[PDB]
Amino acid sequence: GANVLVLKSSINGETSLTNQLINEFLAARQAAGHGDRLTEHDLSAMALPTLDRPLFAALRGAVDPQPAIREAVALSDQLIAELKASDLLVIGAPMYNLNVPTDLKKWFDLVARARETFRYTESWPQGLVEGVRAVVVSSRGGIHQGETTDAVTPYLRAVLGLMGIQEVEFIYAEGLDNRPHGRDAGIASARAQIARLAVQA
């Protein structure tokens, strides 16, 4: 089977379209014969710490006695270990205010750590996450795919690429603010992309 790490960042809980389409993508993989081993985080419910001065110092190797900082460092180590153990990373990244949801960005700020998931100080750029590919589910109220207003796509390609995750496929559901038919059209397009992506290992 595959070790699949699933990140849900929507604030709309069990009514989330990105969480629905993630669940459909995982069901489609099961139907295509992948017996996945899921590690799932609802980042919206996890109250991840924000990166601040003391946490940044501690993640780079400073010894910080402070107990909140010691367990934010342990949380960073756990999240990085899950990432490196996975074969497939599935990310819910609906567009909120031209960016990803804050809880997804807080996950990246805990896993994107020099000497843990990348190196920036060597003669050439080096990712340290190997054998991991990503599928991003990104719904939007408006239409943005291939437009200058889509910073989400290049942001996720660049931060995943920093860590060595070069293979990133997107499931887009756009124009969802045009209800009901724009939303139906966008979900139909997403479901056709799910069908095409579900067979690959």
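One rule holds for the numbers: they count along the sequence shown, beginning at 1.
According to the PDB record, 115-123 carries the higher mean C-alpha B-factor of the two stretches 115-123 and 87-95. Stretches compared: 62-70, 43-51. Higher mean C-alpha B-factor in the entry: 62-70.
In the PDB entry, the Cα temperature factor peaks, among 57, 137, 134, 26, at 57. In this PDB entry, residue 6 carries a Cα temperature factor that places it within the lowest third of its chain's modelled residues.
In the PDB entry, residue 154 places in the lowest third of its chain by CA B-factor.
Ranked by C-alpha B-factor against the other modelled residues of its chain, residue 173 falls in the highest third. In the deposited entry, the Cα temperature factor of residue 143 sits in the top third of values across the chain's modelled residues. The deposited CA B-factor of residue 38 belongs to the highest third of values across its chain.
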